[PDB]
């Protein structure tokens, strides 16, 4: 069986932090820690009495001089488990039911003959950032793939979920074709947000605590705005219409042509700079150049626009379209466009009724993956 590398989406692998901060926002917050602690996912840190401490540690500071993000002073954040699977099978070190992520898929692979950290390996990353600030991650990923090719006697299958598809596409578009032809067997794409997702507007405007409801919406908005990866997934012109209204107020309508004014009207102009930094990272029409399987969910009510009666501090009324609940269905059209652009096969597989996160543990998803890896 071919070696496998797993690339998670946003919030899709653990993060750890160590503190030696010059100041704290509240006298209850720790200034300095003995060693690293799990900052995601750790329910203990999200209680209302100390939720402000967690925000001050997991947010990113944007630097206009360098056009890059920085951790807050004295805070280090590292990504554990690179080349392994534990930080990616469960999001909470206690391994709760809520935080079960890649575990079901990893367990299937091991059942088929794989060995964790050997011929199946995870490629976690700091999903708060866009690819332009994870240069070292992609170098590490290339070396891991070359290593796995040598050890297990064949090219590697890349399995990416959610935002990880955009990380993997960025990686593949920038490797030479001869390298991909030698080292990559296939690219299995699970719920890829090609061209952005409409819910990104709501995330920036008023926050979205859907995946971690213990955090108040205005508190998580502080962290979600500071993450470059949020603005990176704003809707793109090569998928959406420039006339499409994503945010509607009694006064103004915001299309994808109005991101500059949108960021100014929500009091977060740094978002516009991060959109500038990230809008051109993924080439609009360049295919990955490897055999591709695009698996996408349909039949799940998916937010396509938002109406605010009180903008932007009150939850909006959501208007729903088709998709997997997160990724709008029109994103799958991008996969179909790559057929004419590359020789390698591009297979599209609709998953009716399969939700964005739940497709990772779905038996139909795993059945498709099994045919790719083990053959007929």
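Note that the rigid core is defined as the largest set of C-alphas that superpose within 1.5 Å between two forms. Residue numbers count along the first chain shown, from 1.
Relative to the displayed structure, the C-alphas of 205-213 lie farther away on average in 5 other deposited structures of this protein than those of the other candidate, with 205-213 and 192-200 compared after rigid core superposition. Greater average departure of CA atoms from the shown form, over structures and residues in 5 other deposited structures of this protein after a core fit, characterises 97-105 among 97-105 and 114-122. In this crystal structure, the stretch out of 174-182 and 212-220 whose C-alpha atoms carry the higher mean B factor is 212-220. The mean C-alpha temperature factor is higher for 21-29 when 8-16 and 21-29 are set side by side. Of the candidates 57, 326, 42, 340, the PDB record gives 340 the highest C-alpha temperature factor. Ranking 190, 105, 197, 252 by Cα temperature factor from the entry places 252 first. In the deposited entry, the Cα temperature factor of residue 318 places it in the highest third of its chain's modelled residues. Residue 117: CA B factor lies in the middle third for its chain, per the PDB record. For residue 53, the recorded CA B-factor ranks within the highest third of the chain. Only modelled residues enter the ranking. Among the modelled residues of the chain, residue 233 sits in the lowest third by CA temperature factor in this PDB entry.
Among the modelled residues of its chain, residue 153 has a C-alpha B-factor that falls in the middle third, as given in the PDB entry.
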